[PDB]
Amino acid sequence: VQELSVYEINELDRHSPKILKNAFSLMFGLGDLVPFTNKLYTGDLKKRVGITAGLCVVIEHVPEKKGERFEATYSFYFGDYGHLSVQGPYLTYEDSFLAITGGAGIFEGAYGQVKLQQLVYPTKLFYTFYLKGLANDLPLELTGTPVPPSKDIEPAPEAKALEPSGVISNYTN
């Protein structure tokens, strides 16, 4: 297993989330679809790597937990390195695990599960991929010691500003 952590940040400049509201209910419900795309940073928050991109399908409102259950299908993009794809549950009120459905580029052959931790609803999430199947060790610029997750984390200023020192080559946008 190679652990890979990343931070997903919604900086609200990608038209995301887009809510397609169709459910029988005022609250989120089955029928509601949420296409989305957020920014993706390294686990040590030093570099912008790319984006998340995909679809959240509402399954139910969970009133006891004051939150929603989604079924999510999406990918994580790492510039020229490639991408990872996942499928599984996103619960707005607690951590979950998703399936790693595959990958491309350096992530070809990827399998396993990924831990999803929401830090600030809906703007900050922290992921830990427990990656199996890779052909090589991950590049060092992706495996810096992760910043421990908390509501107070922020990407490095130079990564948010897209300085060359704060981005990977041809980071996904």
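Numbers for residues come from their place in the sequence shown, where the first is 1. In this text, the rigid core denotes the largest set of C-alpha atoms whose superposition between the two forms falls within 1.5 Å.
Averaged as a root mean square over residues and superposed structures in 6 other deposited structures of this protein, CA distances to the shown form are larger in 24-32; the pair compared was 24-32 and 107-115 with a core fit. Here 105-113 and 131-139 are compared by their mean Cα B-factor, and 131-139 comes out higher. When the Cα B-factors of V147, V58, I51, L55 are read from the PDB record, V147 comes out highest. When the modelled residues of the chain are ordered by C-alpha B-factor, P35 sits in the lowest third. In the deposited entry, the Cα temperature factor of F97 sits in the middle third of values across the chain's modelled residues. Sort the chain's modelled residues by C-alpha temperature factor and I9 lands in the lowest third, per the entry.
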